[PDB]
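Here the sequence shown is numbered in the deposited numbering, starting from 1 and rising by one per residue.
C-beta: ideal position from N, C-alpha, C; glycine also.
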Amino acid sequence: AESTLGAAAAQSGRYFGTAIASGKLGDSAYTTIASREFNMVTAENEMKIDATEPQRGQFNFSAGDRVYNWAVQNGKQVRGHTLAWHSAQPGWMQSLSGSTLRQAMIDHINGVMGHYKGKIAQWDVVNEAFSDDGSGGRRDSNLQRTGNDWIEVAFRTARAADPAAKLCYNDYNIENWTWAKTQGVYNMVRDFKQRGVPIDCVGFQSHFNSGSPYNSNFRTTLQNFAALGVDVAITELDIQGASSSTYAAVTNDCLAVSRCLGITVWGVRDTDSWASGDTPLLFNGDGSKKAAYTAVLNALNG
């Protein structure tokens, strides 16, 4: 196949994934589609820090396992999302600073990766660490305020916690090769690779809209990161208005870069999207395929 997105991606060694939401798992229109079309699953909410460690030291894996087991029973692999992040922190973690927050960050990684050890294809270890103010510099968060080495410490922890997982740095607005943010991250991954920090992948959320338009230099971005010796992934793809041509273009960027592992779109139907008003996904509210679906499919069969 040929007929579905994931089977067609697999023709060139790649995956086509989606974001799954444990709450929509009793909707069978939703699971029929999701099961048929994707070979990769990211839990949309259920593996975030507030979802896995809502009380300090007391982890909660129900919602995460529910998504995990659905995926796995339906033939899919899984991306973990996400271990260290400025948002989606619980109350007890937002209150922490300095070394105590550091210890909590390390503890979270160890615990979450521990529970999922050897069962996760990729982990977004660190998420959205860079700023949008145009400086190319780090976002100012409690995590950053523990010291500039937090990202790297997060990565070394995670490598030791689950040596089988691909470790990703994930971020939005790093798709355009000329943006500061792109270059700030580029420079970090370069520095990492040169010094031997265990980072395996970079995750391009690929949330495209009027404020962050697709640029065909996205292919240059993907090429240049790959050339540092990392894989790349399109992790949270959606496109405001769901242009067929933009959807075919992004798909074709991925197919032209051999270290591009695959594409994940951020939800199944437009009604499931965090931006449902923009109808930015491949399926309509009612389950019918959008033009973009056909364009992506053709490209993957391309």
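Between the C-alpha atoms of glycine 203 and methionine 113, what's the straight-line distance to the nearest angstrom?
Roughly 18 Å separates the two Cα atoms.
With respect to the alpha helix (DSSP H) encompassing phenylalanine 225, which residues constitute its N-terminal and C-terminal limits?
Taken as a continuous stretch (DSSP letters only), the alpha helix (DSSP H) holding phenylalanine 225 covers 218-226.
Tell me the DSSP secondary structure of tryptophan 70 in three-state form.
In this structure, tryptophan 70 counts as helix in the three-state DSSP scheme.
With 16 other CB atoms within 10 Å as the buried threshold, where does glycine 80 fall?
So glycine 80 ends up on the buried side.
Compare the Cα-Cα distances from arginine 269 to each of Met105, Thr279, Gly262 and report the closest residue.
Per the Cα distances, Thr279.
Is it right to say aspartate 286 is buried, meaning 16 or more other beta carbons lie within 10 angstroms of its own, or is it exposed?
Exposed.
For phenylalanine 283, name the three-state secondary structure that DSSP assigns.
Residue state, collapsed to three classes: strand.
Out of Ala233, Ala227, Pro198, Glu152, which one is the CA nearest neighbour of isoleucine 174?
Checked all of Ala233, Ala227, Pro198, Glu152; the closest Cα to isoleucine 174 is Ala233.
Ordered along the chain, which non-local residues of its own chain (more than five positions away) have a Cβ less than 7 Å from that of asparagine 74?
Answer for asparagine 74: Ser35, listed in chain order.
Should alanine 299 and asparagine 252 be called a contact, given that it needs their Cβ atoms to be closer than 7 Å?
In contact: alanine 299 and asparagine 252 (Cβ atoms closer than 7 Å).
By how many angstroms is the C-alpha of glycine 277 removed from the C-alpha of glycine 64?
The straight-line gap from Cα to Cα measures roughly 27 Å.
Who pairs with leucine 237 in a beta bridge, going by DSSP?
Beta-bridge pairing links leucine 237 to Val265.
What do you reckon, are the CB atoms on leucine 101 and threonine 146 nearer than 7 Å?
Yes, the pair counts as a contact, with Cβ atoms nearer than the cut-off.
Closest to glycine 17 by C-alpha separation, out of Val185, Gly302, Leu281, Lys290, would be which residue?
Residue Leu281 is the option with its Cα nearest to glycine 17.
How far does the alpha helix (DSSP H) with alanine 51 in it extend, from its first residue to its last?
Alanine 51 -> alpha helix (DSSP H) spans 49-52.
Leaving out the 5 sequence neighbours to the left and right, which residues in its chain are closer than 8 Å to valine 72 when beta-carbon positions are compared?
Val78, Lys119, listed in sequence order.
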